[PDB]
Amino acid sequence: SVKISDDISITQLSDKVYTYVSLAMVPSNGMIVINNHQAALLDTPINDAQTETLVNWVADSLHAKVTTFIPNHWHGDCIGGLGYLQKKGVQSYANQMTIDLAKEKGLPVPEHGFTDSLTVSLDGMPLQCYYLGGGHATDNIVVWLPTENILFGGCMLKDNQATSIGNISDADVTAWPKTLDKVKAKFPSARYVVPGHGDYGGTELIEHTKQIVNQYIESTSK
């Protein structure tokens, strides 16, 4: 990874897909997808400033203008810099459930809402968004890049070194493992599998995570 400003670093997984780690002392993940000098931002850092720096480096260093935004769910490590994006005039798409929780919380609201699946065309490149059930957040979705075989699973996925379930204040714990099943069943050809925090890996993150969730369900039923 390439270090940059505001506790932010970035790694390129392909010609068109980059994943970033934004530190706020917790590190959170997101993606930068680029096609024709246009970019999609999947999750924002925790606040506008980190988001501004990221959006600037994508222009400056990547020569791509951020025109699209898709959040994983309503948390700050997904929509924390949305306010600023909206000031940049960025178009956004989110699970309708994310939009409603965001309205109700007086949080920046994503623009267009879908309920099951959505395929956003970034000037031609497809960004497939799916809501497959509650997990880490009752509203969590996953974004799939069919052309790249890259899945950004978001916070419902843990990295290979994680051992804990984390914040379950907004989780649907018992749905979490069934949703991970649908994901494994749905994207068996994923080359890279990016989690909400930590290192990206492959589809093995789905099972490892399911293990943690099941261990949690097992531990609180004794």
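Counting begins at 1, following the sequence as shown.
- The entry models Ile212 and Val213 with no unmodelled deposited residue separating them.
- Of the two segments, 39 to 47 and 156 to 164, the one listed with the higher mean B-factor is 156 to 164 (C-alpha atoms only).
- Between 29 to 37 and 185 to 193, the higher mean Cα B-factor belongs to 185 to 193.
- Taking the deposited Cα B-factors for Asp77, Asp116, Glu148, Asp139, the highest one is held by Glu148.
- In the deposited entry, the Cα temperature factor of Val90 sits in the top third of values across the chain's modelled residues.
- Among all modelled residues in its chain, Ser169 ranks in the middle third by Cα B-factor.
- Annotation for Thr53: C-alpha temperature factor in the highest third relative to the rest of the modelled chain, per the entry.
- Ranked by Cα temperature factor within the chain, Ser61 sits in the highest third according to the deposited record.
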